[PDB]
Amino acid sequence: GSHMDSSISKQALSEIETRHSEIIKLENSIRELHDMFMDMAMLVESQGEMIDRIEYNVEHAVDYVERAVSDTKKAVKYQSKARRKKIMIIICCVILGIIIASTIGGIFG
C-alpha cells in the first residue's frame, strides 16, 4: 500500500516495477550475451588457462565450508547432498550481508 506520494518509500514502490524491467532484462540480455559471446571467447581460448583456475576455486570453498556449514548450522542435517545447495543458500546468504556494504561502499551508490 502507498497511494500516490510515497517519496522515501520508493523502494517498495518501484519494487513491483520489476515486472516492467523483466522484459528489458531479457531483451538487453540477448543483445549483451550475443556480443559478449565473442568477448568471452577471448579469455576462453587464450587466457583460458588462467580463467580456468576460477573453476577449481570451487573445490576450495566446499573444502572449508563443508566444515563450516557443519558448525554454523550447529550440526543437524541429513545426507551430504546439502553441501551442494548450501553453496546457493549459505555461502550466498553470507554475501547478502556484504551487498549492503556495497551500496554504502560508494560503488553502486
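One-based numbering along the chain as shown.
This entry, so its header tells us, was determined using solution NMR.
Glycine is treated like the rest: Cβ placed from N, Cα and C.
Marked as expression tag by the PDB entry: 1-3. Here the expression tag (1-3) has, by DSSP, the following mix of helix, strand and coil residues: 0 helix, 0 strand, 3 coil.
Sequence-distant neighbours of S9 (phosphoserine) (same chain, 6+ residues apart, CB-CB distance under 8 A): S2. DSSP gives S9 (phosphoserine) a coil state; it is part of no helix or strand. The annotation phosphoserine is assigned in Swiss-Prot to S9.
What Swiss-Prot records for 13-75 is domain 't-SNARE coiled-coil homology'.
All chains included, 12 other C-beta atoms sit within 10 angstroms of the C-beta of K73 (SUMO cross-link). A coil conformation is recorded for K73 (SUMO cross-link) in the three-state DSSP classification, outside any helix or strand. If you look up Swiss-Prot, you'll see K73 (among others) marked as SUMO cross-link, on the strength of similarity to another entry.
Using a 10 Å Cβ-Cβ cutoff, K74 (SUMO cross-link) registers 7 neighbours. The annotation SUMO cross-link is assigned in Swiss-Prot to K74 (among others) on the grounds of similarity to another entry.
In the structure as shown, the Cβ atom of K77 (SUMO cross-link) sits within 10 Å of 13 other Cβ atoms. Residues annotated as SUMO cross-link in Swiss-Prot, with similarity to another entry given as evidence: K77 (among others).
Here Swiss-Prot flags 87-109 as transmembrane segment.
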List, by number or range, the same-chain residues at least 6 past the expression tag (1-3) whose CB is under 8 A from its CB atoms?
9, 12-13
